[PDB]
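Shown here: final_8.cif, mmCIF, C-alpha atoms.
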data_start
#
loop_
_atom_site.group_PDB
_atom_site.id
_atom_site.type_symbol
_atom_site.label_atom_id
_atom_site.label_comp_id
_atom_site.auth_asym_id
_atom_site.auth_seq_id
_atom_site.Cartn_x
_atom_site.Cartn_y
_atom_site.Cartn_z
ATOM 1 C CA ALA G 23 -18.045 -12.298 -0.467
ATOM 2 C CA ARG G 24 -16.608 -9.211 1.226
ATOM 3 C CA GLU G 25 -14.526 -11.644 3.283
ATOM 4 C CA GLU G 26 -13.277 -13.528 0.225
ATOM 5 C CA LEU G 27 -11.972 -10.323 -1.354
ATOM 6 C CA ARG G 28 -10.433 -8.787 1.767
ATOM 7 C CA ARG G 29 -8.722 -12.141 2.306
ATOM 8 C CA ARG G 30 -6.769 -11.487 -0.893
ATOM 9 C CA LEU G 31 -5.927 -7.889 0.014
ATOM 10 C CA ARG G 32 -4.321 -9.126 3.232
ATOM 11 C CA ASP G 33 -2.434 -11.906 1.447
ATOM 12 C CA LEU G 34 -1.065 -9.567 -1.222
ATOM 13 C CA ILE G 35 1.332 -8.390 1.486
ATOM 14 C CA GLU G 36 2.765 -11.892 1.871
ATOM 15 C CA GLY G 37 2.816 -12.751 -1.823
ATOM 16 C CA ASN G 38 4.874 -9.633 -2.499
ATOM 17 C CA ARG G 39 7.701 -8.085 -0.479
ATOM 18 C CA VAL G 40 6.409 -4.606 -1.316
ATOM 19 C CA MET G 41 2.868 -3.832 -2.463
ATOM 20 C CA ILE G 42 1.047 -0.516 -2.846
ATOM 21 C CA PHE G 43 -2.581 0.221 -3.721
ATOM 22 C CA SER G 44 -3.831 3.282 -5.603
ATOM 23 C CA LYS G 45 -6.402 4.540 -8.108
ATOM 24 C CA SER G 46 -6.757 6.339 -11.442
ATOM 25 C CA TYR G 47 -7.281 9.862 -10.110
ATOM 26 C CA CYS G 48 -6.298 9.777 -6.436
ATOM 27 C CA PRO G 49 -3.257 11.801 -5.300
ATOM 28 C CA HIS G 50 -1.311 11.172 -2.092
ATOM 29 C CA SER G 51 -1.928 7.429 -2.374
ATOM 30 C CA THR G 52 -0.052 7.277 -5.680
ATOM 31 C CA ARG G 53 2.899 9.404 -4.571
ATOM 32 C CA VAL G 54 3.607 7.117 -1.613
ATOM 33 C CA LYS G 55 4.267 4.430 -4.223
ATOM 34 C CA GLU G 56 6.608 6.630 -6.259
ATOM 35 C CA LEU G 57 8.812 6.844 -3.168
ATOM 36 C CA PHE G 58 9.625 3.128 -3.200
ATOM 37 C CA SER G 59 11.068 3.379 -6.710
ATOM 38 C CA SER G 60 13.363 6.224 -5.660
ATOM 39 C CA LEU G 61 14.313 4.020 -2.709
ATOM 40 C CA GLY G 62 16.227 1.732 -5.047
ATOM 41 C CA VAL G 63 13.662 -0.939 -4.210
ATOM 42 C CA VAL G 64 11.006 -2.714 -6.276
ATOM 43 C CA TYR G 65 7.253 -2.829 -5.679
ATOM 44 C CA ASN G 66 3.944 -3.729 -7.325
ATOM 45 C CA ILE G 67 1.483 -1.206 -8.753
ATOM 46 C CA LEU G 68 -2.212 -1.922 -8.196
ATOM 47 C CA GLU G 69 -5.098 0.435 -8.955
ATOM 48 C CA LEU G 70 -8.504 -0.261 -7.409
ATOM 49 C CA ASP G 71 -9.937 2.048 -10.070
ATOM 50 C CA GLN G 72 -8.883 -0.373 -12.807
ATOM 51 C CA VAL G 73 -9.662 -3.565 -10.890
ATOM 52 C CA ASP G 74 -12.814 -5.528 -11.712
ATOM 53 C CA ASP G 75 -13.707 -5.537 -8.014
ATOM 54 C CA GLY G 76 -12.706 -1.897 -7.655
ATOM 55 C CA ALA G 77 -15.950 -1.527 -5.722
ATOM 56 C CA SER G 78 -15.359 -4.143 -3.025
ATOM 57 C CA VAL G 79 -11.569 -4.336 -3.301
ATOM 58 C CA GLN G 80 -11.503 -0.616 -2.510
ATOM 59 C CA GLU G 81 -14.457 -0.831 -0.124
ATOM 60 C CA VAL G 82 -12.425 -2.831 2.394
ATOM 61 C CA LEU G 83 -9.177 -1.099 1.438
ATOM 62 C CA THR G 84 -10.380 2.472 1.951
ATOM 63 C CA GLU G 85 -11.185 1.381 5.504
ATOM 64 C CA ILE G 86 -7.641 0.134 6.098
ATOM 65 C CA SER G 87 -6.565 3.770 6.400
ATOM 66 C CA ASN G 88 -9.992 5.421 6.394
ATOM 67 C CA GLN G 89 -8.682 8.102 4.034
ATOM 68 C CA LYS G 90 -10.198 9.769 0.970
ATOM 69 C CA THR G 91 -7.596 7.871 -1.054
ATOM 70 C CA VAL G 92 -6.518 4.225 -1.012
ATOM 71 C CA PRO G 93 -2.996 4.579 0.439
ATOM 72 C CA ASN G 94 -1.481 1.199 1.301
ATOM 73 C CA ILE G 95 2.127 0.887 2.463
ATOM 74 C CA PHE G 96 3.150 -2.536 3.767
ATOM 75 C CA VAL G 97 6.523 -4.183 3.147
ATOM 76 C CA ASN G 98 7.901 -7.414 4.605
ATOM 77 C CA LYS G 99 4.485 -8.237 6.065
ATOM 78 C CA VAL G 100 4.550 -5.051 8.141
ATOM 79 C CA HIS G 101 2.659 -1.759 8.368
ATOM 80 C CA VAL G 102 4.425 1.482 7.443
ATOM 81 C CA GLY G 103 1.623 4.018 7.730
ATOM 82 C CA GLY G 104 1.971 6.637 5.021
ATOM 83 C CA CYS G 105 0.950 10.288 4.808
ATOM 84 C CA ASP G 106 3.689 10.900 7.376
ATOM 85 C CA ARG G 107 5.399 7.610 8.222
ATOM 86 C CA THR G 108 6.295 6.375 4.739
ATOM 87 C CA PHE G 109 7.530 9.908 4.064
ATOM 88 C CA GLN G 110 9.371 10.417 7.354
ATOM 89 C CA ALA G 111 10.918 6.955 7.645
ATOM 90 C CA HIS G 112 12.340 7.664 4.189
ATOM 91 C CA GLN G 113 14.429 10.662 5.246
ATOM 92 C CA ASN G 114 14.740 9.201 8.743
ATOM 93 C CA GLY G 115 16.290 5.990 7.452
ATOM 94 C CA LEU G 116 13.570 3.884 9.057
ATOM 95 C CA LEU G 117 12.129 3.125 5.619
ATOM 96 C CA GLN G 118 15.319 2.363 3.692
ATOM 97 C CA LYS G 119 16.092 -0.272 6.325
ATOM 98 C CA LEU G 120 12.557 -1.650 6.048
ATOM 99 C CA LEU G 121 12.405 -2.117 2.276
ATOM 100 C CA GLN G 122 15.906 -3.582 2.519
ATOM 101 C CA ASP G 123 14.771 -6.174 5.062
ATOM 102 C CA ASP G 124 13.160 -4.591 8.124
#
Would you encode the structure as structure tokens?
Amino acid sequence: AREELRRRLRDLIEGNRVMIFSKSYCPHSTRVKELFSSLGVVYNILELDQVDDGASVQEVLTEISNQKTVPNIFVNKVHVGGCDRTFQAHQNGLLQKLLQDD
């Protein structure tokens, strides 16, 4: 079933222009999402700690970035990075242009 779940985590990027994953008590991964809001753009808030499949959903997600947290930054069916990219591109203007279109 691990494939069935992951299949949804990869589609969530297409079903939503901007989607970010996080948890209940996991810093760094939550802040990256707070940036979008301040970017005058809209995004979806999803917490693997409150999801029924928080075990698997986060099992395949945590690997996406292989980080203690579940940081997921992907807008317009593209990868941003985070922990340096999502933060830099913001002040660099590479992010504002992404969330706006690309």
Original post:
Using the chain letters and numbers from the file, which residues does the PyMOL selection byres ((chain G and resi 34-51) around 6) grab, as a count of residues only?
Top reply: 21
Original post:
What is the distance between CA of residue 88 in chain G and CA of residue 62 in chain G, in Å to one decimal?
Top reply: 28.8 Å
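Here CA of residue 61 in chain G is placed at a distance of 10.5 Å from CA of residue 115 in chain G.
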**OP:** Give as an MDAnalysis selection string the residues that the PyMOL selection byres ((chain G and resi 28) around 10) matches when applied to the coordinates above.
**Re:** chainID G and resid 23:27 29:34 78:83
Store the residues picked out above in a file with C-alpha atoms, as a PDB file, in the frame of the given file.
ATOM      1  CA  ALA G  23     -18.045 -12.298  -0.467  1.00  0.00           C
ATOM      2  CA  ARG G  24     -16.608  -9.211   1.226  1.00  0.00           C
ATOM      3  CA  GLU G  25     -14.526 -11.644   3.283  1.00  0.00           C
ATOM      4  CA  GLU G  26     -13.277 -13.528   0.225  1.00  0.00           C
ATOM      5  CA  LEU G  27     -11.972 -10.323  -1.354  1.00  0.00           C
ATOM      6  CA  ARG G  29      -8.722 -12.141   2.306  1.00  0.00           C
ATOM      7  CA  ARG G  30      -6.769 -11.487  -0.893  1.00  0.00           C
ATOM      8  CA  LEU G  31      -5.927  -7.889   0.014  1.00  0.00           C
ATOM      9  CA  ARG G  32      -4.321  -9.126   3.232  1.00  0.00           C
ATOM     10  CA  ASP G  33      -2.434 -11.906   1.447  1.00  0.00           C
ATOM     11  CA  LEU G  34      -1.065  -9.567  -1.222  1.00  0.00           C
ATOM     12  CA  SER G  78     -15.359  -4.143  -3.025  1.00  0.00           C
ATOM     13  CA  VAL G  79     -11.569  -4.336  -3.301  1.00  0.00           C
ATOM     14  CA  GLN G  80     -11.503  -0.616  -2.510  1.00  0.00           C
ATOM     15  CA  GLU G  81     -14.457  -0.831  -0.124  1.00  0.00           C
ATOM     16  CA  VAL G  82     -12.425  -2.831   2.394  1.00  0.00           C
ATOM     17  CA  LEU G  83      -9.177  -1.099   1.438  1.00  0.00           C
TER      18      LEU G  83
END
Original post:
Quick one: of G:89, G:100, G:119, G:112, who's nearest to residue 60 in chain G, counting all atoms listed in the file?
Top reply: G:112
Subject >> Separation of CA of residue 113 in chain G from CA of residue 90 in chain G in Å >> reply: 25.0 Å
Subject >> Counting all atoms listed in the file, the residue of G:86, G:120, G:111, G:104 that sits nearest residue 55 in chain G >> reply: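 Residue with the minimum atom-to-atom distance to residue 55 in chain G: G:104.
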Subject >> Using all atoms listed in the file: which of G:77, G:121, G:57, G:63 has the shortest distance to residue 96 in chain G >> reply: G:121
